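Protein chains in written order, with PDB author numbering: chain A, 16 to 126; chain A', 16 to 126. A prime marks a further copy of an entry chain.
All remarks here apply to the structure that follows.
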Ligand SMILES: Nc1ncnc2c1ncn2[C@@H]1O[C@H](COP(=O)(O)O)[C@@H](O)[C@H]1O
Ligand SMILES: Nc1ncnc2c1ncn2[C@@H]1O[C@H](COP(=O)(O)O)[C@@H](O)[C@H]1O
């Protein structure tokens, strides 16, 4: 499985900051902002380009959970959510997940 | 209302590339990649930090629609999805929406 499949299975280390029946979140190992964490679904979907219609609620859930965690972490000034798809998107781990970055002014373009 | 509220109402111009009962998509007026479009929900939510639990499916829908449009537009090499929240996130239009950027290698950090 992937790195995230292993974190879910408690095979690869990660301090978990949120978890429910459908997802969990943890800090990015290479933070690009003072606060930089990921929200990953327990269900395995290799990439968003292959997600099904029926996964919409799960995908929206990752955003609602990212919003909640951002609040818990004190990101009252805003943040940026990001989903990296495929080679051009810069995807490294083929298990769908969402990035949330804050604690500093995010720039434009977004990469 | 906002710029996007007006586009929905057909008050501000935009070539619409996709539309269903719950959202529509159109190209960004200041493209940061060869393909750069937005997916916006017809329902008004000023920012994702104020979205409710009950909006998860709508939020996931924006991603599924972004995936479909990306395929329609030929982004077979991947892309990046982005949601700008608040001042630090770089948010300009206070009507929740999703960016989809492709057609070139996206860099890291994502701003
Ligand atoms: N063991 C790990 N724990 C936490 N974050 C990680 C770990 N391995 C990879 N990452 C992060 O996960 C992301 C994978 O890239 P992407 O698929 O583009 O989101 C990069 O931002 C890596 O820093
Ligand atoms: N009239 C318009 N038509 C299309 N895109 C627009 C228009 N007005 C603003 N935008 C884009 O919408 C985005 C608003 O910023 P943000 O809230 O950070 O996504 C920027 O990328 C602008 O280029």
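Virtual Cβ for every residue (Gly too), placed ideally from N, Cα, C.
Strand pairing of residue i, partner residues [DSSP]
i	result
residue 99 of chain A	A':95
residue 38 of chain A'	A':56
residue 80 of chain A'	In the DSSP output, where bridge partners are listed per residue, residue 80 of chain A' has none listed.
Opening and closing residue of the beta strand (DSSP E) in which residue i lies
i	result
residue 31 of chain A'	31-34
residue 108 of chain A'	Note, residue 108 of chain A': premise wrong, no beta strand (DSSP E); not H, not E.
Distance, residue j Cα to residue i Cα
i	j	result
residue 37 of chain A	residue 84 of chain A	15 Å
residue 23 of chain A	residue 29 of chain A'	43 Å
residue 118 of chain A'	residue 49 of chain A'	5 Å
residue 125 of chain A	residue 73 of chain A	24 Å
residue 113 of chain A'	residue 45 of chain A'	15 Å
residue 120 of chain A'	residue 123 of chain A	15 Å
residue 109 of chain A'	residue 62 of chain A	29 Å
residue 107 of chain A'	residue 51 of chain A'	16 Å
residue 115 of chain A'	residue 78 of chain A'	9 Å
residue 32 of chain A'	residue 43 of chain A'	12 Å
residue 70 of chain A'	residue 27 of chain A	33 Å
residue 20 of chain A	residue 59 of chain A	8 Å
residue 86 of chain A	residue 25 of chain A'	35 Å
residue 99 of chain A'	residue 111 of chain A'	9 Å
residue 68 of chain A'	residue 82 of chain A	10 Å
residue 80 of chain A'	residue 57 of chain A	22 Å
Where the alpha helix (DSSP H) containing residue i begins and where it ends
i	result
residue 54 of chain A	Not the alpha helix (DSSP H): residue 54 of chain A falls in the beta strand (DSSP E), residues 50-56.
residue 121 of chain A	Unbroken run through residue 121 of chain A: none, as it is neither H nor E.
residue 65 of chain A'	No alpha helix (DSSP H) holds residue 65 of chain A'; DSSP gives it neither H nor E.
residue 25 of chain A	Element bounds for residue 25 of chain A: n/a, residue is neither H nor E.
Outcome for residue i when other beta-carbon atoms lying within 10 angstroms are tallied against a minimum of 16
i	result
residue 64 of chain A'	buried
residue 134 of chain A'	The structure shown does not extend to residue 134 of chain A', since chain A' spans only 16 to 126, so no value can be given for it.
residue 34 of chain A	exposed
residue 16 of chain A	exposed
residue 40 of chain A	buried
Give a yes or no on contact between the region 81-100 of chain A and the region 99-112 of chain A', applying the rule of three or more CB pairs nearer than 8 Å.
yes
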